[PDB]
Amino acid sequence: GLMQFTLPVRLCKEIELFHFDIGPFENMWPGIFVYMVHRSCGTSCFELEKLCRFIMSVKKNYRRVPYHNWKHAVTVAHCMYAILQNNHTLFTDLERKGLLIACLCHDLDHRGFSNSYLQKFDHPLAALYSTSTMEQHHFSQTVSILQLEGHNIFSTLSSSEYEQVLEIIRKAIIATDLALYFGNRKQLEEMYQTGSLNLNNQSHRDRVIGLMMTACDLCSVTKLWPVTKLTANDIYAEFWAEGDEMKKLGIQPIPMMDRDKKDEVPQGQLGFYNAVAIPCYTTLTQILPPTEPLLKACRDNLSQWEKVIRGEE
Ligand SMILES: Cn1ncc(NC(=O)c2nc(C3CC3)cnc2Nc2cncnc2)c1C(=O)NCC(C)(C)O
Ligand SMILES: [Mg+2]
Ligand SMILES: [Zn+2]
């Protein structure tokens with residue numbers, strides 16, 4: 001009951017900032033997550049015995065892939081922590097509980113392959129879930145872990161609060177399907193501009209939570225340049241492996257996934273910042289002004305990629 005997690009001074013201060021890197025010490029990541037749950041939610045939100053068992057089971061079900069791994073899970077959860085802490089009064093107790101768990105779970109059992117590759121391979125999961133294939137799988141894995149004995153961190157919620165939190169987590173995880181992000185941000189753009197955006201409208205909150213999930217999920221593009229540049233290698237390591245597997249099915253992959261076209265990466269990143277990241281953090285900043293540091297850091301990293309192209313690095 002009276003057992004706080006405490007971090008060393010430098011982490012205690014930097015964890016509050018959007019651009020915090022959780023570091024290379026894997027054994028500190030569970031503690032960093034519980035620290036965030038306690039400050040974001042309260043020391044009473046979850047039974048610590050049950051939370052610790054949930055965290056370690058989630059860790060076990062992330063694979064040793066270059067990018068879509070346990071470090072990504074905790075990194076995405078930290079970005080959600082920073083958004084929630086800078087927007088104290090905008091979110092219910094249930095939303096704070098649900099979204100930190102949603103982010104930790106959002107890529108459970110990722111294999112390093114896109115929805116497209118599962119479909120072209122004819123993976124069983126593509127037969128079970130025709131769209132948002134991996135994301136329906138991630139939510140499935142989440143419910144499975146919740147139903148292990150001793151793992152149900154929501155057991156102290158009322159029946160109806162329980163159904164609400166699982167529904168928050170389901171929409172949150174599905175929203176991390178980037179194919180759905182484009183239309184969701186366009187709707188939020190129209191609603192913000194025409195002034196119809198209403199956070200007491202549940203379908204509106206859903207859209208806003210969806211954009212937060214995209215923002216947290218892409219938050220590696222919002223770190224200091226050295227962190228972003230080295231994380232870019234990890235995600236390209238997966239893309240190129242997928243390109244290799246596309247070629248094994250006798251399909252020329254998109255340039256993004258063709259390791260023969262590494263020269264094209266700098267311009268590929270420009271397109272991604274311009275088409276995806278900058279629009280995402282812009283719309284998020286318009287709706288949630290205190291999230292501006294993510295937009296600022298993202299613009300700084302676009303600028304660093306422009307410098308790469310111009311031979312200045
Ligand atoms: C055409 N292209 N080039 C690259 C690229 N994606 C990325 O670089 C990238 N994608 C993601 C999510 C989608 C899986 C996360 N992080 C990413 N980059 C990154 C960079 N630095 C640090 N961390 C992460 C796209 C693309 O995914 N385009 C979007 C679409 C396929 C819808 O056209
Ligand atoms: Mg994902
Ligand atoms: Zn992710």
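Just so you know, residue 1 is the first one in the sequence shown, and it goes up from there. Any value given below was found using the heavy atoms of this structure, including those in side chains, with hydrogens, waters and symmetry copies removed. Just so you know, ligand 1 is whichever comes first in the structure, and atom 1 is the first atom listed for that ligand.
For the residue pair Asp300 / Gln304, no side-chain donor-acceptor distance below 3.5 Å is found, with atom types taken as modelled. The closest side-chain donor-acceptor pair between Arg96 and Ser40, if any, does not fall under 3.5 angstrom. For the residue pair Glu16 and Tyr81, a side-chain donor N or O sits within less than 3.5 Å of a side-chain acceptor on the partner. Side-chain contact annotation: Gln136 with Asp177, donor-acceptor N/O pair under 3.5 Å absent. Residues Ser114 and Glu242 have side chains that bring a donor and an acceptor to within less than 3.5 angstrom of each other. Between the side chains of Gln269 and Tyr236, at least one donor N or O lies within less than 3.5 Å of an accepting N or O. With hydrogens and angles left out, the side-chain atoms of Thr176 and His106 include no donor and acceptor closer than 3.5 Å. Side chains of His72 and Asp234: a donor-acceptor N/O pair is absent below 3.5 angstrom, by distance only.
The protein non-hydrogen atom at the shortest distance from atom 23 (N) of ligand 1 is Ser220 CB, 3.4 Å. If you check which protein heavy atom lies closest to atom 5 (C) of ligand 1, you get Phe272 CD1, 3.4 Å. If you check which protein heavy atom lies closest to atom 11 (C) of ligand 1, you get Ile235 CD1, 3.5 Å. Looking only at protein heavy atoms, the nearest one to atom 1 (C) of ligand 1 is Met256 CE, 3.0 Å. Nearest to atom 12 (C) of ligand 1 among the protein's heavy atoms is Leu218 CD2, 4.1 Å.
Using a 4.0 Å cut-off between heavy atoms, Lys229 makes no contact with ligand 1 at all. Contact annotation for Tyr181 and ligand 1: no heavy atom of the residue comes within less than 4.0 Å of the ligand.
The pair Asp21-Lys223 does not count as a salt bridge, with every side-chain nitrogen at least 4.0 angstrom from each carboxylate oxygen. The pair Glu49-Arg53 counts as a salt bridge, with a side-chain nitrogen and a carboxylate oxygen less than 4.0 angstrom apart. Between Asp107 and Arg63 there is no salt bridge, since no side-chain nitrogen of the basic residue lies less than 4.0 Å from a carboxylate oxygen of the acidic one.
The N, O or S atom of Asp107 with the smallest distance to the Mg ion (ligand 2) is OD1. When distances from the Zn ion (ligand 3) to the N, O or S atoms of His72 are compared, NE2 comes out shortest. If you look at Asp217 and ask which of its N, O or S atoms sits nearest the Zn ion (ligand 3), the answer is OD1.
Not a single protein heavy atom sits closer than 4.0 Å to atom 30 (C) of ligand 1. Atom 3 (N) of ligand 1 lies below 4.0 Å from at least one non-hydrogen atom of the protein.
Residue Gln269 has at least one nitrogen or oxygen atom sitting less than 3.5 Å from a nitrogen or oxygen atom of ligand 1, judged on distance alone.
Because the distance cut-off is set at 2.8 Å, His68 fails to qualify as a neighbour of the Zn ion (ligand 3), as none of its N, O or S atoms comes that close. The Zn ion (ligand 3) has no N, O or S atom of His110 closer than 2.8 Å.
The atoms of ligand 1 that sit less than 4.0 Å from any heavy atom of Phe182 are 32 (C). Those atoms of ligand 1 that come under 4.0 Å of a heavy atom in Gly268, given as number and element, are 3 (N).
Not a single heavy atom of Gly271 sits closer than 4.0 Å to an atom of ligand 1.
Between the OD2 atom of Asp107 and the NE2 atom of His106, the angle taken at the Zn ion (ligand 3) works out to 90° after rounding to 10°.
Selection from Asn115, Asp234, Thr228, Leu178 by nearest heavy atom to atom 22 (C) of ligand 1 gives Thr228.
A cation-pi arrangement is absent between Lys261 and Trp240 under the rule of less than 6.0 angstrom and at most 45 degrees off the ring axis.
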